[PDB]
Every structure is written in C-alpha cells, then in structure tokens.
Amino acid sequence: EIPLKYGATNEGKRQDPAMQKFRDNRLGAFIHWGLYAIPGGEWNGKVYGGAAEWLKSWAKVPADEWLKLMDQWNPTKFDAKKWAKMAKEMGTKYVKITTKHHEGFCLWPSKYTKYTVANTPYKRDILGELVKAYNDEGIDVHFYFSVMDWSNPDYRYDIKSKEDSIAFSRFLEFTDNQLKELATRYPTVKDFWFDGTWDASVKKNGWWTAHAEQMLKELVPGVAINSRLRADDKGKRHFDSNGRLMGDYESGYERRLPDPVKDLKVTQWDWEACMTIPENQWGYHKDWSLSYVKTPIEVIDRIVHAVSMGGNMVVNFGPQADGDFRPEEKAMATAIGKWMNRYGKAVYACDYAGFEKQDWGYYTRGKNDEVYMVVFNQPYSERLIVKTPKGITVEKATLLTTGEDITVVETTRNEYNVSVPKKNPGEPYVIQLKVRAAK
C-alpha cells in the first residue's frame, strides 16, 4: 500500500444525509450555456462538425476575438422560472450548470475577471437567477466548473519551463478565488463537478486538487465533489495509486455506460453518468442533422441502465443564444417527464438489485426491498425470464401503474417466467416484484 498525502479520503460510500440525497435524486439535467451558443458551431461562414462548445478550438479563434462574443450576449427570452418549470416537469431532481466552461466566460458576475455576464448587454446574474428558480421548485443545484480556462493567459497545459511554473501558480490562486466566490455567493450549492482537469499541469498539482476539495467542503456543509477533479501525489486521476476512489463519486462515464454483466464493480462506489442528445454536442449547435439524435426512449433506457447499476444519470441540454430551448429539447423533456411521472418509483431512490441481467430490460431495487422490472424489450413469448440469486424467491408480481396481479410461474430451480401484462402498455413499463430471502 503506497504512501500518499493527497489520495482518497472516503472509506467506501458516504452515508451522511447530504450524500444520500445526491444519490436518491438519481436523475439530473445538465445545462451547457456560454458564449458558444451565439455562433452555435459556425465561424466565419464555416459550420464545424465538432462539439459546439469547442468552436474556439476548431476554428482557431484567438481569445480576444472569441470573448468579443460578450458584446452579443443578450438572451432576451431567458426566464429562469420557465427553465425551472421545464426541469421540474421533466422529473429531474437536480440540475448541473456550467458556471464557467473552457472558454472562461462566467455566468455569474465574478469579481475576479471581466469576462462575465455583468459585461454584456444583458447584465443580469444568470447563475443566481437559475439557482433561486431551481431551488424554488425543490430542485438541487450543482455547479459545473472548468479548471482549464482559455481566457486566462496564466493557464498552462504542461510545465516545461521555470516561467510556466510561476504563471500556473497565479492561475491556481485565481481559480481558488472564483471557487470560494461561487461557494459564498450561492450557499445552496450541493455539488461541484470539475472538468478540464486532465492536462499534465493539473496532474502535477495533485495537492491543489485535494486542497480544492477540502476548501469547498469547509465552505459548504455536505457538499459533494466529483472524482474528475482529483489527482493524487503521482498524478493518477479519479482513483489513487492504491486504487481508491478520490472525491465523493466516480465521474468518468460520459456518453457511455458500464456493461451490465462485465462491469459490476461500479456498484461498490457512488457514481454519476452524463450524456448528450446528439452524438457529441454539449453546447448549442445550430445543425443537429450532422450526427445521430437520440429519441426519448433511447434516453430513458440510459437513465434506467445507470440506476440499475447504482449510478445517477444527467441528461444534457444546450440552450439557445436567445435564452430559449430548441424544439427537440422541449420535446425530450416533456416525454421524459410523462414517463417519469408514471414510472419514476423504479428510478428515484433506487439502486442495484443483485440479479443477473436479462434481455428484456433492467432491474432496480427500492428502499424497502422492492425489486422492479423495467421492460424495454417485449418478448413475443409473453414471458419475462427472472433468474433469482441463491436463496431468493419471488412471492408476487404487480403491474406498477394499474395494481393488476401478474402470473409468476417457476420454470426450474432459481428461475421464473413472469407474465407480460394482458394489454401491452405500449411503452417501457414496470412490474414490481415482492421477493423473499432465506436464512
């Protein structure tokens, strides 16, 4: 066991009430909103296929030119209450907001840089309006924060000289200032989700990542801090050199998910996945015909897949420059919400069930040993195979939305056929099992 000053801090999962809330929430929304919404993937007449929030990179735009977009930042249709209504109706329990993305433009009126909402035609504290509106709807707010900052020339990607070292030290102090500011201005914040922390410069400052975690924890009782922030003494990220998870939850499943048979290790720690609706667009991109766009069921599948293996899922939205949401995203949130209103009991506050995966869908476990079958693929055999772990029997099955009893037939030892409902629900649906453990 290798010695470390800046390695993991939790022994297993946190079970304090604030962490339990973070976990039980299960479903979140991600908001990527920044100056990139304005060009929306197009620069100087050329539409770039890469992620819209990286347009400065794709189009090789210098900082001063890029940040000049602030002069155009005027989201006149923005209404925080409406955004918070959209989230509440979707059935999200929390929202993660880009306080600052790689571009460096802050959505709050920071005292530490001029590149903020205050210095735009719009002027208003967007971040603050969102925090209050979301909290008024009972929705927790989590802050995304990019460490990498393309607006501060003291940023370095690596330390290759004596001068790189000095400038980077200034950069960390600046970052510290912004972080403490965010924590003090908005003390209802429940999580900091760090990104842009992969560069060798950060990896060589493991100590700073440990300090950032602790500082924010000192400021905000019960705050969660993600693993992506963290590098240890050796510069190993997420998990330390002893293989132990740093931060409060693992945060590397991004537009992908663990395999339901081969990656059961994920059930040993808290974890949160994030996803996009198109293939890889976080910020607003004007042309979604450029890649595949996911349907609501394809998204709900991923949400349930996450919970079924002990994880949260956050579904991303890229708001328009004018402050409204594009039709496809309004369609998505409505549809997710209709389904979550019906079937959410098998998502919120649910967890890994301990059953072998079957082809029809996913199991989730409730707080009082309910086992939910979430059926995404309807068998023509009209029978849903349930193989039970050693010592577990199925006593009853119920269609969740109607209460109607479902036939359960033993087929071999440790195996049942659970009947499909007599009328096809016509959408993914839930059957609830009552189970019994021996001994």
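Note that the rigid core is defined as the largest set of C-alphas that superpose within 1.5 Å between two forms. Residues carry their position along the shown sequence, with the first being 1.
Comparing the two stretches 161 to 169 and 315 to 323 by root mean square C-alpha distance in 8 other deposited structures of this protein, with all structures fitted on the core, the more displaced one is 161 to 169. The rigid core fit leaves 252 to 260 as the farther-lying stretch in 8 other deposited structures of this protein, judged by Cα positions and set against 300 to 308 and 252 to 260. According to the PDB record, 166 to 174 carries the higher mean C-alpha B-factor of the two stretches 166 to 174 and 273 to 281. Averaged over Cα atoms, the B-factor as recorded in the entry is higher for 399 to 407 than for the other of 378 to 386 and 399 to 407.
The top Cα temperature factor in the record, among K357, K190, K111, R302, falls on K111.
Comparing C-alpha B-factors across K262, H101, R342, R256 in the deposited entry, the largest value falls on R342. Annotation for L67: CA B-factor lies in the middle third of the chain's modelled residues. Annotation for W208: CA B-factor lies in the middle third of the chain's modelled residues. The deposited CA B-factor of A59 belongs to the highest third of values across its chain. Among the modelled residues of the chain, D140 sits in the middle third by CA temperature factor in this PDB entry. In this PDB entry, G28 carries a Cα temperature factor that places it within the lowest third of its chain's modelled residues.
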